[PDB]
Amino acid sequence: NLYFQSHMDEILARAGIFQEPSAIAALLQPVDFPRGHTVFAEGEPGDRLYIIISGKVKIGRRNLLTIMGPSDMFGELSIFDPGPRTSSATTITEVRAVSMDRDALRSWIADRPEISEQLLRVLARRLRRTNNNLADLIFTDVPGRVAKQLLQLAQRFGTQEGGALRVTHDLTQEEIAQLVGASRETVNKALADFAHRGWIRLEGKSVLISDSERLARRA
């Protein structure tokens, strides 16, 4: 949007930290990570929140909890509740990010208290989503969870093509079973069954979802 003075501002605008836009351009210092870079590891002191400008970061534990992309914030939980990193954050593509420490965020919030309401909103949403993932681990079979994960990654990283619907997740198969919490083998067969069925085509780092309806039904 040539409405914002920077792509940075557009994505930060989409992250929620604003709510304009010559004023927005009072913004922070970027950082570029290579692919495969562990931005921080689980259990480390956490003094820093990041917001992704471009690229994807996986969040993992010991299970992958989520794949984040442009405008997604990570590293906030140890800023809001001081203590060790709850998970590792590793880049699965090259990533440009902006970051800020607890002092900087507090001055950001003092300056615009409204930002706190947007941060609560994002947290509440993460809670909602995580609740659903847990309820899936309890109430849904493996291929049902595979189907859920494909349609989740779609809603965030999906591009209409035809359509439908290309989802370029940038994940290996290991990485997709880790999102679903099942064996690579159990997830391998669910994806082959869906591909056989005609509902998806499977092309390395992206799935062409041709039949979103029946995928959704399989949940």
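One rule holds for the numbers: they count along the sequence shown, beginning at 1.
Unmodelled residues of the deposited sequence between residue 62 and residue 63: 4 to 9. A chain break between residue 19 and residue 20 is present, corresponding to 1 to 3 residues of the deposited sequence without coordinates. Relative to one another, 125-133 and 142-150 have unequal mean CA B-factors, and 142-150 is the one with the higher figure.
Stretches compared: 188-196, 46-54. Higher mean C-alpha B-factor in the entry: 188-196. Looking only at 67, 26, 176, 39, the residue with the top Cα B factor in the deposited structure is 176.
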